[PDB]
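Topology and contacts: notes
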Amino acid sequence: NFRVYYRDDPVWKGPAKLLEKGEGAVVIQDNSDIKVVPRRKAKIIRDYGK
Amino acid sequence: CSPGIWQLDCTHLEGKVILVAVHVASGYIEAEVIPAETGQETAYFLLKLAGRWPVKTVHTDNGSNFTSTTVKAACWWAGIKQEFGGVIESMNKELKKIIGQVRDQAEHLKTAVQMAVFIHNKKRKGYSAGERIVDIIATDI
Amino acid sequence: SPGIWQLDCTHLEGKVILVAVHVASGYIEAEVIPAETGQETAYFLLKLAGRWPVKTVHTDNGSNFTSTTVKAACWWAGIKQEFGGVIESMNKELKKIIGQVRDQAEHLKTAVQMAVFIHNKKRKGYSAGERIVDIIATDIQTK
Amino acid sequence: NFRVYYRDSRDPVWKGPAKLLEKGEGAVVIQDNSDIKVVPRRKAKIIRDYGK
Ligand SMILES: Cc1nc2ccccc2c(-c2ccc3c(c2)CCCO3)c1[C@H](OC(C)(C)C)C(=O)O
Ligand SMILES: Cc1nc2ccccc2c(-c2ccc3c(c2)CCCO3)c1[C@H](OC(C)(C)C)C(=O)O
Ligand SMILES: [Mg+2]
Ligand SMILES: [Mg+2]
């Protein structure tokens, strides 16, 4: 349902899988790497068109 | 082929970037002159296209704008599958041919581009491409 | 009538949004244009006329819609112009949807196109995007 | 079949539509409300009713 695009390198990475969401950060998994990303550095996007 | 398959590619004239989409089953096209051949401009073009038609799959070459993160985001949101790797290339040539035929009727290249899109989509074979896409999609409803 | 469109501009964030509505269906297209001029309106019209069978465009008397360049585009494309609340209602609907999704996008124009998508795809029992294709196809398939 | 929009009288506002009488190399001959005018090509925009 959700994919996350994010920054570390000024190019946006993704789609990363969304594991958990907090008010300040999101926990995501790209390939075999779990990252804690600030909310300002993350774009959570729904597959609205499905 | 499926009523939901589109091919996209860029061509170039007068130093400007022309982004072209073709509905494979009908030959219907849409095009825009974009200020730079970037993922951002391509993603914006796709969001507009997906709002008009039932865009299920887009096939492109591996141009960096087509493999970009922003295009991935747009296709995810709109529900578009991307496939990578000659209909649009043949269509690019035809579009440039029509543009050259009408170029001196317009000041700006983008004006001649949209005239050529109109001419291509309205020309009846018989149905025109513009009639074919609507007929194909309505039958798929 | 299958060929009647209404066009109008509305404004958000200091930017100009040019909106076209296919009256019979409720289908819309929109662009954020850099200025509310006849030049930009004529270019938008040439694009619209290439996609759909645009026979008549109804607008208010905004100077961009009465402009010489728009009259030139309508002459080339074969469009009849009529001057003087479907589009007004649609401006308010589009702005409502934009407001609902605005924080999901950096650029206003991205939110605009998300809002056009949302409006055109939402089913009532067809969507507006289904209605325009059905209406135009029926005209073609029965001639 | 053709309409001409043009600028004259040192006015940036586009006038017309006028009737096209001749498209020359450097000037166009037009008729606007029975007035015959000769305008430089660069001050004339000649547009065909392609959409019919
Ligand atoms: C700059 C410009 N100035 C004009 C001044 C007076 C009258 C018409 C124009 C046109 C024009 C408009 C519609 C049109 C065509 C040309 C040519 C045939 C199709 O319809 C343009 C065109 O530019 C815009 C379309 C962006 C306004 C152009 O590039 O030539
Ligand atoms: C600037 C920008 N940067 C990004 C960086 C990484 C990932 C995505 C984006 C998106 C984006 C793309 C498609 C999309 C949505 C947002 C939101 C949902 C619909 O699909 C944008 C958008 O801008 C462009 C569309 C011009 C690229 C935006 O305005 O936010
Ligand atoms: Mg290419
Ligand atoms: Mg208005």
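Residues numbered from 1 in each chain as written, not as in the entry; some residues may be left out. Chains lettered and ligands numbered in written order. Heavy atoms only, no water.

Section: the site of ligand 1
As a structural note, the neighbourhood of ligand 1 is formed by 15 residues, with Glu107, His108 and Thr111 of chain B, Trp76 of chain C together with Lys45 of chain D the closest of them. Contact between ligand 1 and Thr111 of chain B: an oxygen atom at 2.7 Å from a side-chain N or O atom of the residue. Side-chain polar atom of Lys45 of chain D to an oxygen atom of ligand 1: 2.7 Å apart, as the coordinates give it. For ligand 1, the protein covers 97% of the area, taking 580 Å² as the surface of the free molecule. Of all the elements in the fold, those that place two or more residues in the shell around ligand 1 are α4 (109-122) of chain B, α1 (38-51) and α2 (68-77) of chain C together with β5 (44-48) of chain D. Examining the composition of the shell around ligand 1, we find that four residues originate from one element, α2 of chain C, more than from any other. When grouped by side-chain class, the residues that make up the shell around ligand 1 number eight nonpolar, five polar and two charged. (Near = heavy atom within 4 Å. Polar contact = N/O pair within 3.5 Å; in protein donor to acceptor, adjacent residues only side chain to side chain. Areas by Shrake-Rupley, 256 points an atom, 1.4 Å probe, with all protein chains shown as cover. Helix = DSSP H or I, 4+ residues; strand = E, 2+ residues; numbered from the N terminus. Nonpolar A, V, L, I, M, F, W, Y, C, P; charged D, E, K, R; others polar.)

Side note on the packing of helix α1 (residues 39-52) of chain B against helix α4 (residues 108-121) of chain C
Across the interface, α1 of chain B lies against α4 of chain C with an axial gap of 8 Å and an inter-helix angle of 20°. Considered as vectors, α1 of chain B and α4 of chain C are oriented roughly parallel to each other. For the pair α1 of chain B and α4 of chain C, the sense of crossing is left-handed. Facing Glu41, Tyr44, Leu47, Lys48, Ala50, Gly51 and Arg52 of chain B of α1 of chain B, the residues of α4 of chain C in contact are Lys109, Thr110, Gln113, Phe117, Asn120 and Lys121 of chain C. Among the residues making up the contact of α1 of chain B with α4 of chain C, the classes are represented as four nonpolar, four polar and five charged. (Axes fitted to C-alpha atoms, helices over the stretch in contact; angles between N-to-C directions. Parallel < 35°, antiparallel > 145°, perpendicular 65-115°, else oblique. Left-handed = near helix turned anticlockwise from the far one by under 90°. Contact = heavy atoms within 4.5 Å.)

Considering the site of ligand 2
With respect to spatial proximity, 15 residues lie near ligand 2, and among them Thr70 and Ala74 of chain B together with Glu106, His107 and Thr110 of chain C are the closest. More than a single chain frames ligand 2: its nearby residues are located in chains A, B and C. Here an oxygen atom of ligand 2 sits 2.8 Å away from a polar atom, N or O, in the main chain of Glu106 of chain C. If ligand 2 stood free it would expose 580 Å²; the protein chains cover 96% of that surface. Per-element accounting of the shell around ligand 2 gives the leading share, four residues, to helix α2 (residues 69-78) of chain B. In the shell around ligand 2, the residues fall into eight nonpolar, five polar and two charged.

Remarks on the coordination of the magnesium ion (ligand 3)
All names here are of chain B. Protein coordination of the magnesium ion (ligand 3) is provided by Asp9 (OD) and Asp61 (OD), with donor distances spanning 2.1 Å. Of this pair, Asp9 sits in strand β1 (residues 5-13) while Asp61 sits in the loop between β4 (57-60) and α2, placing them 52 residues apart in sequence. Residue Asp9 is classed as buried on the basis of its relative accessible area, which comes to 9%. The class of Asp61 is partly exposed, set by a relative accessible area of 30%. (Donors = N, O, S within 2.8 Å, 3.2 Å for Na, K, Ca; no water. Buried < 20%, exposed > 50% of the residue type's maximum accessible area, 1.4 Å probe, protein only.)

A short note on the side chain of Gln81 of chain C
All names here are of chain C. Within the fold, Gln81 resides in strand β5 (residues 80-83). Among the polar contacts made by the side chain of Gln81, one reaches the main-chain carbonyl oxygen of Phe65 at a distance of 3.1 Å. If we skip the residues at most four places from it in the chain, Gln81 touches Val57, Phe65, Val70, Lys71 and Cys74.

Focus on the arrangement of the chains
Counting contacts across all five pairs of chains found in contact, the highest total belongs to chains B and C. A gap remains between chain A and chain D, with no contact made and the closest C-alpha atoms lying 35 Å from each other.

Section: unusual backbone geometry
Cis geometry marks the peptide bond from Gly14 of chain A to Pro15 of chain A, where omega comes out at 0°. Secondary-structure assignment places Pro15 of chain A in strand β2 (residues 13-21). Residue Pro17 of chain D is bonded to the preceding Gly16 of chain D through a cis peptide linkage, with omega at 0°. Here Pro17 of chain D shows up in strand β2 (residues 15-23). Phi angles above zero are rare outside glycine, and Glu13 of chain C is one such case at about 55°. With respect to the secondary-structure elements, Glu13 of chain C resides in the loop between β1 (4-12) and β2 (15-22).

Thoughts on the coordination of the magnesium ion (ligand 4)
Residues and elements named next belong to chain C. Bound to the magnesium ion (ligand 4) on the protein side are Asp8 (OD) and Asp60 (OD), at distances that span 2.1 Å. One end of the pair, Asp8, is in strand β1; the other, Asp60, is in the loop between β4 (56-59) and α2, and 52 residues separate them in sequence. According to the relative accessible area criterion, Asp8 is buried, its value standing at 13%.

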